[PDB]
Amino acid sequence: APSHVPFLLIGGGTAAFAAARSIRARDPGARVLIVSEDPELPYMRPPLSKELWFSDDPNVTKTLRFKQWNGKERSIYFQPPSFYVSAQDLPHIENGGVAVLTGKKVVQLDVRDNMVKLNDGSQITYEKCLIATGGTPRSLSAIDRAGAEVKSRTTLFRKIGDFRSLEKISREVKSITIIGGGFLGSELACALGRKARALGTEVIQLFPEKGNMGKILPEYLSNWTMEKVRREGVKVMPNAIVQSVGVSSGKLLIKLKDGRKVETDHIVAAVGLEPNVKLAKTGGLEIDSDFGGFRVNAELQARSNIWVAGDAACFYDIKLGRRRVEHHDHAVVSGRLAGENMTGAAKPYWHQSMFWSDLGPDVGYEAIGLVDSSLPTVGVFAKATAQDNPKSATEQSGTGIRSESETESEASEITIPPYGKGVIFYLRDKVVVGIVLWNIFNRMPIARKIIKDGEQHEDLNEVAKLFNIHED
């Protein structure tokens, strides 16, 4: 570990990588150190629950290369390992570079001193610091009460190391249970379900809601989604609240509050995240008590020379106010912006971050703004053409990272032109405050503009025609 680095990026995920890239774009002599508690160099998370499981290629667990839905291979890593310089070389190497200290954790932050201390005792001073620590998976309290035998047979799915362990479990055991009905839980259900159809084994998905993604999607589409996951072979148990987990026979026994017993060999928990804010206390840094995460100003600053980006940040959304998100898009754009600000840009974060999820190559969702199933919603559906699927969208764009194909921009203008797919408008009064797109692609710029303008929209059916017609 060097003693000092001009740019110190704490955490080695998506936000950290985008900030490193941005810093080096604006200052090509810059010396950037990423400190990553994981053994792996920076990598994107979306394939871990999607294309890596759909690959029929051997070796996938070793190589972490995946085929997109269009059949083109891509690495999980943001860049080849050859592109980084060594941490030892970074302070003096000609033209600077980006180094990663892997397997190291920042445990203390000294803001007054512009210094951090690592788990190994090392001290690093900085000029400009980014906190991009992401978040930690939530447990289920019934699992924490359970024996050591239960805990060792529970995966909190989040990293490469979890893909590798679970993929092997999937080939060894007869039954895996996913707890959580959210996008990630549902992705993993389809993933494991596909492998289990091959092996003749069992996959269960359980959650308290009436259908998959029940907190976000309206009842019709949530149920549709549950049927789709069931068509994959998965036993989906909605209305399921876990009372306890123990052991009975040679199995884990999950007892639901309603009396149902579920027997299984392994549990995967996908019940959300908590931002990694441990450094706030030594730092004296403000955390948002309502939403979680480090509070940041318009420019993503927590202090004059500390920025925060990605899952860890609680920022003021241009239209929603204070919020935190768990969006790949946000981690990329806020990371990039934080890097620009670290190099003097003084730019505010005005981005409206999008989210996507794929349940295999034939089903895709996108979301933007305030998407909460308890709001009044208006769904406008149409029938799918051959191109209304994540596969075609990947084929047209060359990428399956939907935030790249959609673009980050908002449309210039909205003027109106005089089920398998659709748009769901989420309303506050009769203002569209959020939108979900189901099998509709390359219209995020439009959805951003509709939410941004915040006009009253009486006839949402005319507005829907922007989504339901060809792109095109």
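Note that residue numbering begins at 1 and tracks the sequence as displayed.
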field: Residues of the deposited sequence left unbuilt between residue 419 and residue 418
entry: 10 or more
task: Would you mind comparing 359-367 and 374-382 for me and telling me which has the higher average C-alpha temperature factor in the entry?
output: 374-382
Residue range whose averaged C-alpha B-factor is higher in the record, 176-184 or 257-265: 257-265
query: Considering only 50, 31, 428, 45, which residue's Cα atom bears the greatest B-factor as recorded?
result: 428
message: Out of 161, 91, 310, 238, whose C-alpha atom has the biggest B factor in the entry?
response: 91
- line: Temperature factor at the Cα of residue 464, chain-ranked in thirds, falls in the highest
- request: Taking the values exactly as deposited, rank residue 141 by C-alpha B-factor within its chain and report the matching third: lowest, middle or highest.
  value: highest
task: Just say lowest, middle or highest third for the CA B-factor of residue 446 relative to the other modelled residues in its chain.
output: middle
- request: Classify residue 210 as lowest, middle or highest third according to the C-alpha B-factor given in the PDB entry, relative to its own chain.
  value: middle
- request: Could you look up the Cα B-factor of residue 104 in the entry and say which third of the chain it sits in: lowest, middle or highest?
  value: middle
